[PDB]
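**Q** Using only what follows, build the 3D model:
(2 chains, ligands or ions: 1)
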Amino acid sequence: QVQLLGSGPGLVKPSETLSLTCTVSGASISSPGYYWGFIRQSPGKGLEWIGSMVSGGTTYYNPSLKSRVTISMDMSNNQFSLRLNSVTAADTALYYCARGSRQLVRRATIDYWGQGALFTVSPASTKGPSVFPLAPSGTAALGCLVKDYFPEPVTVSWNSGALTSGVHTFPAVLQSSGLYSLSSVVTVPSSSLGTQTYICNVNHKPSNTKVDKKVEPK
Amino acid sequence: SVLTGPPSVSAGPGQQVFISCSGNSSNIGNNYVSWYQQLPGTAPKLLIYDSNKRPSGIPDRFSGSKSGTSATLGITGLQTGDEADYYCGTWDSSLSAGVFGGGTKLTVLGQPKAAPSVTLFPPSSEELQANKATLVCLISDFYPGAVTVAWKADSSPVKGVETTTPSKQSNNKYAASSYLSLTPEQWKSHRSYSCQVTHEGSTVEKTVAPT
Ligand SMILES: *[C@@H]1O[C@H](CO)[C@@H](O[C@@H]2O[C@H](CO)[C@@H](O[C@@H]3O[C@H](CO)[C@@H](O)[C@H](O)[C@@H]3O)[C@H](O)[C@H]2NC(C)=O)[C@H](O)[C@H]1NC(C)=O
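**A** Numbers count the residues shown, from 1 in each chain, chains lettered A, B, ... in the order given. I have put the structure below:
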C-alpha cells in the first residue's frame, strides 16, 4: 500500500532544467527505514543510478551527474524531487522514482520501482494528437488511430480502464515530419457490437490533453 | 558502466542458466549484490537482494551467489516467461553510489514459428472529412521477429509508407505496424489498396476498397 506516483512524462528544452516530483502514499517520506531515489534508462539501453536520499539522514549522488543534479524532499507534501540541470538530448530517458528498505550504504537495493516516465529533451514544441476511430467490420477488431503528436508517450485505455482483455496498443511510428502516430486495437465478440459501447481514452500527458472517442460499427 | 557481464545469453527450456557480473573490491568484492528482471515495456522487478536472498513471491528457481569479485544469478528450469533483461546492482565504495551492470538479455531456445495475424483498416469517414486518409496495417503474434511490409494500389506504392521495427510482445512474440498516408482523392481513385506482410517464406495480403 506504499505507492509512488510521479509528475508524469514531459518535454524539456535543451539547456533547461528537468524537474520530476514523486508523491509517496501509504507511508511518510520522513520515516527512517526507507530510502528514496531516482534511476534513469535510455529507451533501448541500461539503468543508470542518479541518487538517493536516506529518510532522516544522508543523500548520495552518482559522481558523474552530481555537479548538475539536486535531490530534495518536501515532507509537508510527502514528496521528493529531482532537478537535472542544463539538459541536452543525451538526457532523453525513462526516469524512475524508486524506493529501498533498511540501509542504503553497502546495499543500494531497490525493492519498489515506480512506473517510469519518459522525459524527452528537444527544442520542438509539444503537439497533442488527433484521434480517429477504426470501426469494426466470431470476433471483431476495432480501434482508434492516434495521429501526429509530440513527444512520446500516448497511453490508451478502453472504457476507462474496464476493458483490457484483447487490447493491443502498438508501438508508435516516428514519421518523417518528426511527429509520432500509434494505433490501439481491441478484439471483442462480434455479438457484443450493438449492445456494448466501446470508447478509447487517449492520454497525452506531455500536452495535458485527453481525448475519448466512441467507436461504433459502420 | 563499472561492472562487466555477458551482453546476452541463451539456453533451452527446462535447463539452468548462469548470468555473471564482475567487478572488484570497491563494489562486488565488499558489498551486497542485487538482481533485477525487466520484461518488455515494464519497470524492473527485484529478484535477489543481499546477494542470495529472495523477496516474497520470487520462485525458488532463481538463486544468487557471490564469489570473490563476481556475483551470479542462477535460473534453474528455464521457462518461456523468464525471457527478459537481467541487471545486477551493487554499492560502490569508491563512488559512494549505487551502480548497475550493463544488463543481459535472456532468450529461450526452441520457440516455434508463428504466422503473423494481420488486420488492415481503411480511412475513417471523420479523417476523410479532415481531408486526409490513412490506411493502417497492424501485424501481431509472429515469430521469429523479422517481417517485411509492402503496399500495393494494384501496383506498388512506396511513398507515404511508414513502418515500425518489430517489438516484442508480452507472450514473447512480436508486433509491428505500417501506415500508408494518402489524400482522399488518391484513396478514392483506386479500386483497392493492399498491405502485404512477408514472414519466413510466406506472405499474407489484406485488401480494402473505398467502395
Ligand atoms: C575497480 O574497477 C573500476 C572500474 O574499472 C576501477 O576504476 C577505473 O580504473 C581505471 C584504470 O585506472 C580507469 O581507467 C581510465 O579509464 C578512463 C575512461 O573511463 C580513461 O579516461 C583514463 O585515462 C583511464 O584509462 C577507469 O575510468 C576507472 N573507472 C572509474 C574510476 O569509475 C577501479 O580503479 C577498480 N578498483 C580497484 C581497486 O581495482
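**Q** is it true that residue B:19 touches residue B:8?
**A** No. Using Cβ atoms under 8 Å, residue B:19 is not in contact with residue B:8, being 10.1 Å away. In short, each C-beta sits where N, CA and C put it, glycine included.
**Q** domain ranges for chain A?
**A** A:3-121, A:130-214 (automatic domain parsing).
**Q** Next: chain B.
**A** Following automatic domain parsing, one gets these domains for chain B: B:8-108, B:117-208.
**Q** For chain A, which residue gets nearest to chain B?
**A** Residue of chain A nearest chain B, by Cβ to the nearest Cβ: residue A:108 (3.3 Å).
**Q** so that residue makes contact with residue B:91?
**A** Yes. Between residue A:108 and residue B:91 a contact is recorded at 4.4 Å, counting by Cβ under 8 Å.
**Q** any common contacting residues for the two?
**A** B:31, B:97, B:98, B:99 (Cβ atoms under 8 Å, 6 or more residues apart in numbering or on different chains).
**Q** quick one: which of the residues you listed is nearest residue A:99?
**A** Closest approach to residue A:99 among the shared contacts of residue A:108 and residue B:91 (Cβ to Cβ): residue B:98, at 12.9 Å.
**Q** how much space is there between the closest one and chain A?
**A** As judged by Cβ to the nearest Cβ, to the nearest Å, residue B:98 and chain A stand 3 Å apart.
**Q** how about the nearest residue to that residue once chain neighbours are set aside, secondary structure?
**A** Among residues not flanking residue B:98 along the chain, residue A:108 sits closest, at 3.3 Å (Cβ to Cβ, 6 or more residues apart in numbering or on different chains). Here residue A:108 is recorded as coil under DSSP: H, G, I helix; E, B strand; the rest coil.
**Q** circling back: can you report phi and psi for the residue of chain A closest to chain B?
**A** Torsion angles at residue A:108 (phi, psi; degrees, to the nearest 10) stand at phi 70, psi 20.
**Q** Let me see the contact set for residue 106.
**A** No chain was given, so I picked chain A. Residue A:106 makes contacts with B:30, B:31, B:32, B:91, as judged by Cβ under 8 Å, 6+ apart.
**Q** try again with chain B
**A** Per Cβ under 8 Å, 6+ apart, neighbours of residue B:106: B:8, B:9, B:10, B:11, B:17, B:19, B:75, B:82, B:83, B:84, B:85, B:86.
**Q** quick check, it in a strand?
**A** Yes. Judged by three-state DSSP, residue B:106 forms part of a strand.
**Q** Please identify the nearest residue in space to the residue positioned nearest the centre of chain B, excluding sequence neighbours.
**A** Residue closest to the mean C-alpha point of chain B, counted by Cα atoms, centre = their mean, is residue B:168 at 3.1 Å. Closest residue to residue B:168 apart from its sequence neighbours, by Cβ to Cβ, 6+ apart: residue B:40 at 4.7 Å.
**Q** Could you look up the SS state of the one you found?
**A** coil.
**Q** I'd guessed it sits against residue B:167; true?
**A** Yes. Counting by Cβ under 8 Å, residue B:167 is a contact partner of residue B:40 at 7.2 Å.
**Q** okay, now residue A:30: neighbour count?
**A** For residue A:30, the neighbour count with other Cβ atoms under 10 Å in any protein chain shown is 13.
**Q** Next one: it from the ligand, what distance?
**A** As judged by Cβ to the nearest ligand atom, to the nearest Å, residue A:30 and the ligand stand 33 Å apart.
**Q** Residue B:37 now?
**A** With Cβ to the nearest ligand atom as the criterion, residue B:37 and the ligand are 25 Å apart.
**Q** Quick one, which of the shared contacts of residue A:108 and residue B:91 are buried?
**A** Neighbour-count burial (16 or more other Cβ atoms under 10 Å in any protein chain shown) applied to the shared contacts of residue A:108 and residue B:91 gives B:31, B:97, B:98, B:99.
**Q** so the residue nearest to the centre of chain B touches residue B:143, yeah?
**A** No. Using Cβ under 8 Å, residue B:168 is not in contact with residue B:143; the gap is 9.6 Å.
**Q** Could you tell me which residues touch both of those two?
**A** Listed as contacting both residue B:168 and residue B:143 by Cβ under 8 Å, 6+ apart are residue B:174.
**Q** Show me what the spatially most central residue of chain A is bridged to.
**A** Nearest to the mean C-alpha position of chain A, counting by Cα atoms, centre = their mean, stands residue A:117 at 3.1 Å. With beta bridges defined as DSSP bridges, residue A:117 has these partners: residue A:95.
**Q** shouldn't it be in contact with residue A:12?
**A** No. When contacts are counted by Cβ under 8 Å, residue A:117 is not listed as touching residue A:12 (11.7 Å).
**Q** just the helices in chain B please.
**A** Secondary structure of chain B (DSSP state H): helices located at B:125-129, B:184-189.
**Q** for those helices, which one sits closest to residue A:78?
**A** Residue A:78 sits nearest to helix B:125-129 of all these, at 43.9 Å, using Cβ to Cβ.
**Q** Could you tell me which residues within the closest one count as buried?
**A** For helix B:125-129, by 16+ other Cβ under 10 Å, it's B:127, B:128.
**Q** Distance-wise, check residue B:140 relative to residue A:141.
**A** Taking Cβ to Cβ, to the nearest Å as the measure, residue B:140 falls 10 Å from residue A:141.
**Q** Look at residue A:139 and say how many residues are nearby.
**A** For residue A:139, using other Cβ under 10 Å, the count is 12.
**Q** likewise residue A:98?
**A** For residue A:98, the tally of surrounding residues (other Cβ under 10 Å) stands at 24.
**Q** Run through the residues that contact it.
**A** Per Cβ under 8 Å, 6+ apart, neighbours of residue A:98: A:4, A:36, A:37, A:38, A:39, A:52, A:110, A:112, A:113, A:114.
**Q** Give me the subset of those that also touch the ligand.
**A** Counting by Cβ under 6 Å from any ligand atom, nothing from the contacts of residue A:98 sits close to the ligand.
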